[PDB]
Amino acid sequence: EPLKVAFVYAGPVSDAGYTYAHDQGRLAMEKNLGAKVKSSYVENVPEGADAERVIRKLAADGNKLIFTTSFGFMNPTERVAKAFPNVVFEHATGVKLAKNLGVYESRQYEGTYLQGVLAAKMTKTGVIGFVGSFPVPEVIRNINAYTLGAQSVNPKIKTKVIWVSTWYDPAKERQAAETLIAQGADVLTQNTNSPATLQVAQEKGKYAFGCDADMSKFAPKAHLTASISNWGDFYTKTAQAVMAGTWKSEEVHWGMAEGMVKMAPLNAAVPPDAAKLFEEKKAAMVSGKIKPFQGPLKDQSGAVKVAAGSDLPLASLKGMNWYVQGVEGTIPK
């Protein structure tokens, strides 16, 4: 019989960003494994308590492998996994494991560091902007990596952050982008899921980056590049392991070296000196010659976090709740 695989999304496949990319991973798994797998998905599932009913129903319907693709499914996934010990659960970006519960994530911050390098080359104000969802480790690593990448070019760069308290709401994302631009940011990145920030950047004559997918068709003048998320090989490997009986609970983190994180082509507006530097830093990121959180690092209180010649430990990366010097908030509107 085919292995029944289900995907739980916190957003819509029509976001053209994060959920789109997870769903392209599901479709890659279907193409790679053919008749050996039967996939289904549910979109726009609310995070926290109400997700538990959806996850339980997919397990009750006979799914043997369930991917919960958002941070806020962590505790519902852990509870359903205890109730379904013969089902394999994989939770994106979480830190809770069990005999039948693994966690997976990308090192997207490797891409965000490269975006910061390019932002420092393209900014006219010296202020880069970040549209944030919630202050969880995934997002704080991306804010810090954007800032460190920019500071590798111009140590005087400032990063302004605005929080929308949602992963996906194109109206709120549009308003947040307008506010960052009004407060002097002219190269924007995000950890929300829509092309709204890009559309605002194009309207105002500013720059921004795609997130999880190439978003250039939404804003071809503003789109400098994008950090593309490729989940298809991970979803394939995981479904293969369950079918073959090799699956075990583990924490998986893949980056540019493993092909989970890739960069879109550069916009034609990027000048040759910036393009050359970007390609050198990209090669170094893939080879591990540079790491985004290599020392020396200080936090925003001036405390040393990592000495020169050391790297930030995996446990500090996993729990990151501190900001590098140069990160600030927006004035509340």
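Don't overthink the numbering: it's just position in the shown sequence, from 1.
As listed in the deposited structure, the average C-alpha B-factor of 255-263 and of 108-116 is greater for 255-263. The question of which stretch, 300-308 or 66-74, has the higher mean Cα B factor is settled in favour of 300-308. Which of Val42, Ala60, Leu27, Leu277 has the largest Cα B-factor in the deposited entry comes down to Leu277. Highest CA B-factor among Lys160, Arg141, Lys99, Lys96, as stated in the entry: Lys96. The deposited CA B-factor of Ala241 belongs to the middle third of values across its chain. Among all modelled residues in its chain, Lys156 ranks in the middle third by Cα B-factor. Among all modelled residues in this chain, the alpha-carbon of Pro313 has a temperature factor (C-alpha) in the highest third. The deposited CA B-factor of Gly17 belongs to the middle third of values across its chain.
Per the deposited record, the Cα B-factor of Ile181 falls in the middle third when ranked against the other modelled residues of its chain.
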